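Data first, discussion second: the structure below is written as structure tokens.
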Amino acid sequence: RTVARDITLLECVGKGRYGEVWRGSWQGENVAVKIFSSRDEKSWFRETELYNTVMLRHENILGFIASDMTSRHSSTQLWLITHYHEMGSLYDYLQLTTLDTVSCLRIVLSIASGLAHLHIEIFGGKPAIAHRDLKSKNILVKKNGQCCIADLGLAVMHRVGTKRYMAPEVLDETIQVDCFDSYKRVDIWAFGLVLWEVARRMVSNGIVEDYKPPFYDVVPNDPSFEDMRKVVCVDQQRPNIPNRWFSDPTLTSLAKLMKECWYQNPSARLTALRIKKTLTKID
Ligand SMILES: COc1cc(-c2cncc(-c3ccc(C4CCN(C)CC4)cc3)c2C)cc(OC)c1OC
Ligand SMILES: COc1cc(-c2cncc(-c3ccc(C4CCN(C)CC4)cc3)c2C)cc(OC)c1OC
Ligand SMILES: COc1cc(-c2cncc(-c3ccc(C4CCN(C)CC4)cc3)c2C)cc(OC)c1OC
């Protein structure tokens with residue numbers, strides 16, 4: 001039979017230290033092609049190893065299509081092919097777009113759904129998985145208003161995380177590295193920062209906050225590990241909840257939820273399943 005393996009790379013939609021992501025075309029259908037730098041080969045190997053262990057299939061997990069390794073003259077080329085989400089990342093989306101109560105809840109419940117699916121062990125099934133780099137750039141927006149979680153290059157089954165999103169126990173090196181639940185609790189911290197980023201863009205009583213990344217007001221751009229440790233661990237700062245949220249029942253409930261993702265004590269934080277249940281009772 002014919003194995004049509006050609007992908008037409010049409011436009012670059014992301015470029016970083018990781019490498020590049022392209023919109024591509026296979027048999028008339030859009031795909032996303034992540035081309036890895038030499039620098040970040042181990043991210044391709046880890047995501048490939050995970051998908052070779054468990055073929056994750058969930059509406060709120062970026063859809064896997066293929067892992068490709070091609071021999072070149074002097075190098076190895078590593079591609080990850082996935083579903084293509086033309087609306088781009090949540091980070092991208094929140095820059096110009098504002099949300100209402102329905103769209104805000106749909107976004108955050110879809111993220112919680114994807115995260116709970118990663119975290120849960122299913123017997124007969126899937127191993128439990130922690131993401132370890134959850135942030136708004138690693139979440140894609142779908143046309144139906146739900147999101148999907150991307151980038152399992154740091155995932156662990158039962159490179160470091162983006163420093164801005166690191167939990168206190170990562171920054172102070174107290175994380176119980178032999179305990180899988182520790183890595184879940186690091187994801188929940190990061191989830192709470194994403195929830196704050198999204199909630200800011202939800203309009204209430206004619207008011208919205210501008211898009212800002214977590215800790216924009218207390219660390220530099222490209223904060224150092226030390227910058228983050230002093231804010232999060234030493235001073236125990238947390239993102240600001242604006243007064244205007246306390247006039248809106250949805251943002252009042254979301255403020256309480258994000259507080260319960262940011263406890264210094266990792267074992268006090270809510271689980272992804274408890275976050276879903278709380279979100280299904282809002283509105
Ligand atoms: C190797 O590499 C690439 C392959 C492909 C590709 C292209 N046409 C058809 C296929 C195909 C799928 C599955 C079967 C099955 C049929 C049932 N039978 C019992 C077992 C075998 C056969 C054929 C594939 C896998 C695309 C690629 O790009 C997206 C590839 O490169 C990453
Ligand atoms: C990787 O991704 C894509 C793959 C394909 C694709 C191409 N040829 C053949 C197949 C296939 C056929 C038949 C089986 C069999 C397996 C065992 N049993 C006998 C029942 C079913 C499996 C696989 C597929 C899935 C199409 C795609 O899109 C239209 C893909 O997505 C980009
Ligand atoms: C986070 O990580 C990965 C993401 C993706 C991915 C999947 N769908 C769509 C995208 C995308 C498309 C388009 C835009 C822009 C361009 C046009 N307009 C001006 C605004 C929107 C941005 C983003 C991406 C980047 C694939 C990945 O792997 C193949 C990723 O890595 C795991």
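Each chain of the structure tokens is named A, B, ... in the order shown, its residues numbered from 1; ligands are numbered from 1 in display order.
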Practice task
Determine, counting only C-alpha atoms, which protein, DNA and RNA residues have an atom within 9 Å of an atom of segment 222-234 of chain A; residues of the same chain fewer than 6 positions away are not included. Present the result as a ChimeraX atom specification.
Solution key: /A:163-172,215,264
Practice task
For residue 183 of chain A, list every protein, DNA or RNA residue within 8 Å, evaluated using only C-alpha atoms, and leave out those in the same chain fewer than 6 positions away; present the list as a ChimeraX atom specification.
Solution key: /A:130-132,177
Take the residues just selected and output them with N, CA, C and O atoms as an mmCIF file, in the first residue's frame.
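Below is the file selection38.cif, written as the result:
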data_model
loop_
_atom_site.group_PDB
_atom_site.id
_atom_site.type_symbol
_atom_site.label_atom_id
_atom_site.label_comp_id
_atom_site.auth_asym_id
_atom_site.auth_seq_id
_atom_site.Cartn_x
_atom_site.Cartn_y
_atom_site.Cartn_z
ATOM 1 N N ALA A 130 1.548 13.362 35.872
ATOM 2 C CA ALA A 130 1.652 14.789 36.214
ATOM 3 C C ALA A 130 2.332 15.491 35.050
ATOM 4 O O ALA A 130 3.284 14.966 34.473
ATOM 5 N N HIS A 131 1.897 16.694 34.760
ATOM 6 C CA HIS A 131 2.306 17.479 33.578
ATOM 7 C C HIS A 131 3.667 18.145 33.797
ATOM 8 O O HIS A 131 4.562 17.990 32.944
ATOM 9 N N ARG A 132 3.799 18.880 34.902
ATOM 10 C CA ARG A 132 5.029 19.543 35.387
ATOM 11 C C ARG A 132 5.359 20.822 34.603
ATOM 12 O O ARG A 132 6.332 21.475 34.987
ATOM 13 N N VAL A 177 10.380 14.352 46.283
ATOM 14 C CA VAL A 177 10.629 13.896 44.882
ATOM 15 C C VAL A 177 10.289 12.411 44.724
ATOM 16 O O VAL A 177 10.122 11.987 43.574
#
Practice task
Could you give me the residues within 7 Å of ligand 2, counting only C-alpha atoms and all ligand atoms, as a PyMOL selection string?
Solution key: chain A and resi 26+65-66
Can I get the selection written as a PDB file, in the first residue's frame, with N, CA, C and O atoms?
ATOM      1  N   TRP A  26      -1.660  17.605   5.930  1.00  0.00           N
ATOM      2  CA  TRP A  26      -1.556  16.201   5.474  1.00  0.00           C
ATOM      3  C   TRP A  26      -2.869  15.780   4.832  1.00  0.00           C
ATOM      4  O   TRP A  26      -3.879  15.866   5.526  1.00  0.00           O
ATOM      5  N   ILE A  65      -0.976  12.695  16.989  1.00  0.00           N
ATOM      6  CA  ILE A  65      -1.045  12.025  15.678  1.00  0.00           C
ATOM      7  C   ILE A  65       0.201  11.175  15.473  1.00  0.00           C
ATOM      8  O   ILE A  65       0.073  10.029  15.040  1.00  0.00           O
ATOM      9  N   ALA A  66       1.391  11.752  15.603  1.00  0.00           N
ATOM     10  CA  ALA A  66       2.604  10.992  15.296  1.00  0.00           C
ATOM     11  C   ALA A  66       3.833  11.558  15.970  1.00  0.00           C
ATOM     12  O   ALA A  66       3.918  12.751  16.261  1.00  0.00           O
TER      13      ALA A  66
END
Exercise for the section: For each of A:263, A:51, A:91, A:44, take the minimum atom-to-atom distance to residue 198 of chain A, counting only C-alpha atoms, then give the residue where this is smallest. Expected result: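 Distance minimum relative to residue 198 of chain A lands on A:91.
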Handout entry: residue 33 of chain A surroundings by only C-alpha atoms, 10 Å radius, close-in-sequence under 5 positions cut, as an NGL selection string
Key = :A and (7-9 or 12-13 or 20-25 or 65-67 or 78-84)
Practice task
Have a look at A:261, A:54, A:268, A:115 and name the one nearest to residue 188 of chain A; count only C-alpha atoms.
Solution key: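 Ranked by minimum distance to residue 188 of chain A, first place goes to A:261.
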Handout entry: Given 6 Å and only C-alpha atoms and all ligand atoms, residues near ligand 1 as a ChimeraX atom specification
Key = /A:3-5,66,68
Practice task
For each of A:38, A:70, A:89, A:43, take the minimum atom-to-atom distance to ligand 3, counting only C-alpha atoms and all ligand atoms, then give the residue where this is smallest.
Solution key: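 Under the stated criterion, the closest residue is A:89.
Using only C-alpha atoms and all ligand atoms for every distance, the candidate list A:218, A:105, A:62, A:193 yields A:62 as the residue closest to ligand 3.
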Practice task
Would you please give, as a PyMOL selection string, all residues of segment 45-254 of chain A that DSSP assigns to strand (DSSP E) based on the backbone?
Solution key: chain A and resi 64-71+76-82+129-130+139-141+147-149+156-157
Same residues, C-alpha atoms, saved as a PDB file, in the first residue's frame:
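Output saved as selection-v8.pdb:
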ATOM      1  CA  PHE A  64      -1.519  13.000  19.351  1.00  0.00           C
ATOM      2  CA  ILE A  65      -1.045  12.025  15.678  1.00  0.00           C
ATOM      3  CA  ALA A  66       2.604  10.992  15.296  1.00  0.00           C
ATOM      4  CA  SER A  67       6.209  11.021  16.553  1.00  0.00           C
ATOM      5  CA  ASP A  68       8.769  11.045  13.730  1.00  0.00           C
ATOM      6  CA  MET A  69      12.546  10.583  13.836  1.00  0.00           C
ATOM      7  CA  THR A  70      14.329  11.107  10.468  1.00  0.00           C
ATOM      8  CA  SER A  71      18.076  10.498   9.859  1.00  0.00           C
ATOM      9  CA  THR A  76      18.591  13.486  13.710  1.00  0.00           C
ATOM     10  CA  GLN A  77      15.340  15.471  13.006  1.00  0.00           C
ATOM     11  CA  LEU A  78      12.562  14.983  15.642  1.00  0.00           C
ATOM     12  CA  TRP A  79       8.967  15.978  14.895  1.00  0.00           C
ATOM     13  CA  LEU A  80       5.818  15.667  17.030  1.00  0.00           C
ATOM     14  CA  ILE A  81       2.597  15.872  15.028  1.00  0.00           C
ATOM     15  CA  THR A  82      -0.683  16.744  16.697  1.00  0.00           C
ATOM     16  CA  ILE A 129       0.445  11.432  34.906  1.00  0.00           C
ATOM     17  CA  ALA A 130       1.652  14.789  36.214  1.00  0.00           C
ATOM     18  CA  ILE A 139      -3.147  25.279  26.766  1.00  0.00           C
ATOM     19  CA  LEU A 140      -4.798  25.576  23.328  1.00  0.00           C
ATOM     20  CA  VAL A 141      -8.274  27.083  22.662  1.00  0.00           C
ATOM     21  CA  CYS A 147      -9.388  24.090  25.848  1.00  0.00           C
ATOM     22  CA  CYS A 148      -6.835  21.281  25.647  1.00  0.00           C
ATOM     23  CA  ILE A 149      -3.597  20.778  27.557  1.00  0.00           C
ATOM     24  CA  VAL A 156       5.940  11.894  34.810  1.00  0.00           C
ATOM     25  CA  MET A 157       3.993   8.636  35.028  1.00  0.00           C
TER      26      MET A 157
END
Problem - Point-to-point distance in Å for atom CA of residue 36 of chain A and atom CA of residue 216 of chain A - result: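 So the answer is 29.0 Å.
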Handout entry: Spatial neighbours of residue 258 of chain A, max dist 12 Å, only C-alpha atoms, sep filter under 4 positions, as a ChimeraX atom specification
Key = /A:108,188-199,238-241,251-254,262-263,269-272,275,278-279
Exercise for the section: Record the distance separating atom CA of residue 210 of chain A and atom CA of residue 93 of chain A, expressed in Å with one decimal. Expected result: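 Value for the atom CA of residue 210 of chain A-atom CA of residue 93 of chain A distance: 12.4 Å.
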